[PDB]
Structure formats: structure tokens, C-alpha cells
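FYI the Cβ positions are ideal-geometry reconstructions off the backbone, even for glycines, and counts take in every protein chain you see. Values in this text are rule-based calculations from the coordinates and carry no lab data.
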Amino acid sequence: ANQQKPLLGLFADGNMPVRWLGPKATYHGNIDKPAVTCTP
Amino acid sequence: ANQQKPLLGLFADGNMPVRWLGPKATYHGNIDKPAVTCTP
Amino acid sequence: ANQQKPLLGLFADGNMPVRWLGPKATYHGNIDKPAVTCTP
Amino acid sequence: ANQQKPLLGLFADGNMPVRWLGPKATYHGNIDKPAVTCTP
Amino acid sequence: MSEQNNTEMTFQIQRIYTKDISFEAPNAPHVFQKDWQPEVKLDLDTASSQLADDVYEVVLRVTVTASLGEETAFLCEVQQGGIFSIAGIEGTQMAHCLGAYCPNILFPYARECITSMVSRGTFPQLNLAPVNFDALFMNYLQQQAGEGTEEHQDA
Amino acid sequence: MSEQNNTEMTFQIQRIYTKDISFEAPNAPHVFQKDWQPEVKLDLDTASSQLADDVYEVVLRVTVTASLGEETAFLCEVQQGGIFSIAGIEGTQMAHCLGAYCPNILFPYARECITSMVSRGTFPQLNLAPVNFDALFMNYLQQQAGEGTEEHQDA
Amino acid sequence: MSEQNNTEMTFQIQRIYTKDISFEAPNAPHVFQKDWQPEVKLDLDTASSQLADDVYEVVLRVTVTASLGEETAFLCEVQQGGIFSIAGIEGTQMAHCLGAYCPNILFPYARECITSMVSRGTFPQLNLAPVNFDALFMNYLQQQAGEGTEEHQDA
Amino acid sequence: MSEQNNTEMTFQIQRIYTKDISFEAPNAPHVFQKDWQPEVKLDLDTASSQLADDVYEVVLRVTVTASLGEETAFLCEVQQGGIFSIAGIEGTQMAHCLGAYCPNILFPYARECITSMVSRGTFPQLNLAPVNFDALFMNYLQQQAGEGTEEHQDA
């Protein structure tokens, strides 16, 4: 932390934050019931 | 003598179609509705 | 009745030649083999 | 009242006598990028 | 026919690798009109070849089809091949080795490969149930032997 | 020519996905014993589509072919599709949008899909190197190169 | 200390999955400069907990520690947990099935989950050879003293 | 066709791979009696390390946490590292390259390694949306590029 860091200048600044659109589109269930009720 | 014998006998003679079973199923309710439209 | 769109009239064709940036083959030497380890 | 005596609790300590079937046998080659000088 | 060898069967794993993949979504943008639980269909096919002496190559194909109404959801097929050094095997012991034991090794890899391609078509999770190919094939042959004495030494 | 960079034009990606995947390893069992020099021929097919009004899909068939002299290792052909809502575009603006920009959105995803299948076939990882579609299209369209590098810190 | 009885045997897999995974490449671009034939180590661990009535979970952790040269190549660890419907087996019968058959089911899926991680780290994918757990446990069952009860039943 | 392009960023990839992979599911059996609607949070951390002159490894650690409060659905994390060679320029010019373009190369690979881990825990697969970091930099400045020739004659 001074002025110029050659061959770099991002990430170590504070990490660029990412925001979601909506978690609604994922994880409405895949495992209902005992999942697999019978195994041959 | 046309009497030949490949060692590979007891295997590739016919396919084995597995009867599909899955009480919980694959699809439930996750699709295009809160999709990639809200990116301002 | 057919809507002929004057917007789409390109990009059904190789626009410009793409050079291959991986010469000398994707190996530069030997790899693994059709033999894991052993059983005795 | 005492039931489920052998039901789930045989081994817990871990580390089986698996000294491999081949302690040193996976791959061998010569790692380097395929020329990769410049993208222009 | 019941070739009684001194070595009651032999199995060695040499290699496991994907030989073939296919994933088609012919109505990929338009299947949105047919949205929910698709009719999923399994079909396993058996392919083999002898590479060398005692070196064989077993390919287990797992084909998955899905469709809603009269139109497609997604199409998928994997061929998880595997080289295995097998000898001594005969009749029932042959059929049970490469037709139950070896496919069940290749199956987890073929399974995850389908799961990957479905995710590339951006459809929800597809985890196929564990089918015990070993016991299922024992039931195909009513009942058979799966126990023996070891004989292994440097030769 | 007539690049016409106005605050017109609109872009919104709705969804990206493989519409078709193909991975063939014809002589996979025979190739892993061969001389380690395949000729990796790359192919790219350009195709756009209308899904709706102002909704234009773009598909790039990235085909990777490797043959060790006479014998093919693998073939990674991935039709990476992508739904893009575009409007306000005409002439060279849509020619650059489809001929450079929006295919390069799908190029890292086609790259990944290929790379994964290559590595699933138990073959050396293939990282498709950055091809700037913008630059090579510029070399034709209006020519793009030049920098004022001459002076150095003297005392 | 003994027990001989048999309830109506039940054994059905409800679910197979990874509860915990870790691939660690500590010297990742450091080792690649001289990354040759790995010397591998295999550690095994387990975990257990009853989930419900006649439902018991067996977790099987396979750990793969590679070291080549002077340092670590890569690290791999997968806790393959499996939900099983276990009933009817008891005494030394249950002890055998628990130590042998139940983790043998989990092992193909554990193996695969490791194999895919290693290939993503651009290391040679590791195909765990199928080893008989039964034989290893025979000794362990003849080396214990502390059964669930003492009630000498006999034919 | 007569213009000297010199020091314009010379970018080339050496090797992409997963430096690290991880998955957790502490409430994995418990998820059956859970409501399937988590507050999924993206937690990313980004590092860089010089391996050689102009050679900087960009690490993109992505963590997908799904929890409906304290009630955790699943946890997944991948440290996708890529050896990138960015030559000629520095500072704000290179900040556009490493801070925008390099994450976009690692992002598809990070994504599939996350999705695979979610699918291994047999949970509904999560495809991460196209997040264009470079678009923000494109509105600002330093978007100016076009390949040519570097020097390396000024220490």
C-alpha cells in the first residue's frame, strides 16, 4: 500500500463482491420420499 | 475347419435394458422464471 | 406468410481463419498407461 | 431394554492393512506447455 | 464347457476411461413448453474386444432418454470403457465377472458423466439409483458360486 | 467502415447451455500405447437462430480432432448454444455482435465442456488458448494496431 | 458372550452421496516443473449414526495421499456416506456384513469421486483396485471380546 | 497496412486446474425434514502469486453456501487456479486483464467443479449465472487492446 504495484493492481485491493439474482431458481427439492424406496 | 471359437462368448450377445425406477423422480420445480433477466 | 428479418444476414460462415496455438502436439512426452498396479 | 447391539458399530478406529497393490505405479511423462509463445 | 483351471478365475483392473459421449437437446429452447417430470428411459448395451493375450476391453453403455408429451426433454449416452486383464474365467464365472462385476466398476463413472452432460443442457439433477448388477445377474442365473481359495505368487 | 458506436443497441443473456455434445475416442485402447504426437485440428462453425422477437440464439460448434499419424485419439465436438436478447443492431454492428462479441461469451463454456470430456477419456488436459475474435475481425474490418513506445527515463 | 437369532433380513439402499470432499494441491505449480511417477498412500476411515427405524447410515472415507520426489504431489479425501435400510441381520452375521459388504457398496462411488478430482487438478486419475474387505476382517472378528450379550442358543 | 504496435498486453495461458476442491453437507440426512428454499450466498476470495517474470497465477476461490438462516442445506468450495502470462504492460492496464478477463477464464471450470460436488451430494444442481466483470471495466476505461509485439528491454 503506497502508489504503484507493477505487474498487478486488483484482487488484493479488497476482492470484487458478487451478488445473487435469486436462489428461488434452484433447490426446490430432488430428494422427496426415502429417495430410493427399493434396490434390485 | 470353419469351426472357430472366440473366447468372448458369455457377454456381448444381447443388451440389458434396465427397467427405470425412481419414486422421487428427476424433475420437481426448478426452471426459467427467476432466470438471468435481472442483471442491471 | 414468413417474416424475413433483414437483421440476420451474416454469421452462417467462417468469418476469419482461427490459428491453432497448441503445436508440437498436446503431450510433450509420455503419460499414464493401460495398466494400474497389480493384484498378487 | 437393550436392542441394536451389533446394529451399526463394528469398526470405527480405521486404517486397514491396505499397503497398496502397487505403491509406485500411476503415470510418467514430460510436462510443458505446447510451445505457447504468443496469441497474435 | 466347465474348463476346470487350477486358477479359479482371475481379475485385474488395467484402465477406466470414457470412449464415447452423446448429449442432444433437439428442442432445447422450445422444451420450455413441456416443463416438469420427464419420462426417463434406461438402456444398457454390452460391447467387448480382446486387445492382447489375457488383456480385454469391456465397454458398458448407459443410454438415457427423456421426453414430455410427444417431444424430447434431453438425450444422453455414455460409453465407459475399461481395460481389464482377466483369465481362468469360464461359463457362469466368466458371465458373472465381465457381465456383473466389471460393469458395476465402470457404472459410477458413466453415471457422473451423464450427470455432467445433463448439467451442460442446464436441466435439474439426475442421480440414477444403485442397481446391484452382481446380485441381479446371480438372480438371472437363479443362484451361483462367488467364493474360492486364493492362489497367487510370483511366476 | 461504419462501426457506428451509438448508445443504441441492447444485450441481455437469458441462458447458456450445450445443445449438442459429441465425444468419440475411436481407437482409445490402441492410442494410449502409440507415439505421443497427435495432429490437433480445430474447427469452428458459426450459426445464429431466432427463438423469439429480439431473442437471437448463437451456437458455436467447436470441434477438436486428434490423430497420432494415422490413428485417431479423440474427437471433442461441442455445439455451445446461448440465448441472447439483442435489439438495435444492423449492418457491421450485428456483424461484429455475432461475428466477435457474443460467440466469445460461449467460447470459455465450449472450452470447458471439451476440456472435461478430454480429461474423462483419460487424455492430457486441453486448455483452448485465448483467440480474440474481435482483433482478427478488426484486421479485416477497419485495422487495429499501434502504440507510441519510444522514449525512456534518461538522466 | 454369544448371540444366535435371525429376524426377517432387509437391505435396501435409500441414498448414496458425498457428505464431505477435499482435493488439496499444496505445491500445485511448484511440483508441475518436476511432476513424475507418484508414490501413493491409502488411508481408510469410517463414521456411523442411526437415522431412523431400521435405517442406519454407513459413511466410508477413502483418503489418497500422493508424494513424489521431495514433496506432496496432491491430496484427496472423500467421505462417501450411504443411507441403508438394515434389518434382520444380527450377531456375528451383522458384524461381517457391516465390515465387508456395506463399505464394498460405497467404495466404487468413493473411488470415482477421487478419480474425477485428481483429473480436474490435471494429475493422473487414480483407479482404485477392487480389494476383498471380507478376508481382512476375518482376523479382526477372531480378535475381539465384548459382544452385545451372552445367551448360548444352539441347534 | 503500416503501423508499429508495441507493448499492448501479450496474454497467453500455460495451465488451468483446480488447486483445491471441497464439499460439505453437515445436515445431509437431516435435509429430508428441511424446507427446500435456502438463502444461497456467494462467498468469493481472490489471490495472485508471481511464479516468474510476467507469469502470475490467478486464483479464484468460489464458495457456494446454501442456508435458510442457520439451517444449512449444503456447502461447496473450489479454488480454481490458472497460470496466466500477462506481459508488456502493468498497473491499471493489467488490472483490466487479471481483474476481469482472467476470472472469466477460471469461472466455467470453477462452476462445473462446484456443480459436480452439489450433484455428488445428490442435491439439485446449481449452474452459476454469466457474471461479466469485464463489462464494468468496459464502461470505465483500459478496455483498449489489440495484439502485436512486446519488447522486454527496460528493467
Of the residues H:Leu128, H:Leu98, which is closer than 19 Å to F:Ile105 by Cα and more than 7 Å from every other protein chain (Cβ to nearest Cβ)?
H:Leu128
Condition broken by E:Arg61, with the remaining ones in (1) within 9 Å of chain F (Cβ to nearest Cβ); (2) of a type in the set (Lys, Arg); (3) under 13 Å from the mean Cα position of the chain (by Cα) satisfied
(1)
Between residues in region D:20-40 that are facing another protein chain (nearest Cβ under 7 Å) and residues that are surrounded by fewer than 15 Cβ atoms within 10 Å (Cβ to Cβ) and small (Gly, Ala, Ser), which pairs lie under 9 Å by C-beta distance while being six or more apart or on different chains?
D:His28/C:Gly29; D:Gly29/C:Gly29; D:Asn30/C:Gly29; D:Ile31/C:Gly29; D:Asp32/C:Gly29
I'd like the full set of residues that are touching a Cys at 6+ places or on another chain (Cβ under 7 Å) and among the β-branched types (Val, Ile, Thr), limited to region F:102-141.
F:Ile114, F:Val118
So for region H:92-105 (the condition being buried (at least 21 other Cβ atoms within 10 Å of the Cβ), touching a residue at least 40 places away in the same chain (Cβ under 8 Å) and touching a helix residue (DSSP H, G or I) at 6+ places or on another chain (Cβ under 7 Å)), does at least one residue qualify?
yes
Starting from residues that are free of Cβ contacts under 8 Å to residues at least 60 places away in the same chain and at the interface with another protein chain (Cβ under 9 Å from one of its Cβ atoms), keep the ones in region H:106-118 and report whichever is farthest from the chain's Cα centre (by Cα).
H:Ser116
Residue under question is H:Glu8, and the condition is that it be crowded, with 19+ Cβ neighbours inside 10 Å and touching an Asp or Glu at 6+ places or on another chain (Cβ under 8 Å); does it hold?
yes
Return the pair list, or none, for Cβ contacts closer than 8 Å from residues in region F:137-155 that are free of Cβ contacts under 8 Å to residues at least 12 places away in the same chain to residues that are outside any loop (DSSP other than H, G, I, E, B) and of a type in the set (A, V, I, L, M, F, W, C), at least 6 apart or on different chains.
F:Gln144/F:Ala135; F:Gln144/F:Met138
Check G:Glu8, G:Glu24, G:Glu3 and return the single one that is within 12 Å of chain H (Cβ to nearest Cβ) and charged (D, E, K, R).
G:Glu24
Which residues, taken from region B:11-40, are of a type in the set (A, V, I, L, M, F, W, C) and in contact with a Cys (Cβ under 9 Å, 6 or more places away or on another chain)?
B:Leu21
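Test H:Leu75 against the stated conditions and say whether it is more than 9 Å from chain A (Cβ to nearest Cβ), over 16 Å from the mean Cα position of the chain (by Cα), of a type outside the set (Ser, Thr, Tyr) and surrounded by fewer than 19 Cβ atoms within 10 Å (Cβ to Cβ).
no
Can you tell me which residue within region G:27-47, out of those that are hydrophobic (A, V, I, L, M, F, W, C) and in a strand (DSSP E or B), is farthest from the chain's Cα centre (by Cα)?
If we take residues in region G:27-47 being hydrophobic (A, V, I, L, M, F, W, C) and in a strand (DSSP E or B), then G:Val40 is farthest from the chain's Cα centre (by Cα).
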Could you count how many residues in region G:1-56 are within 22 Å of B:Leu21 (Cβ to Cβ) and in contact with a helix residue (DSSP H, G or I) (Cβ under 6 Å, 6 or more places away or on another chain)?
1
H:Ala87 touching a residue at least 12 places away in the same chain (Cβ under 8 Å), within 21 Å of the chain's Cα centre (by Cα) and away from chain F (no Cβ under 14 Å)
no
Can you tell me which of (1) in contact with a helix residue (DSSP H, G or I) (Cβ under 8 Å, 6 or more places away or on another chain); (2) surrounded by fewer than 20 Cβ atoms within 10 Å (Cβ to Cβ) is the one G:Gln144 doesn't meet?
(1)
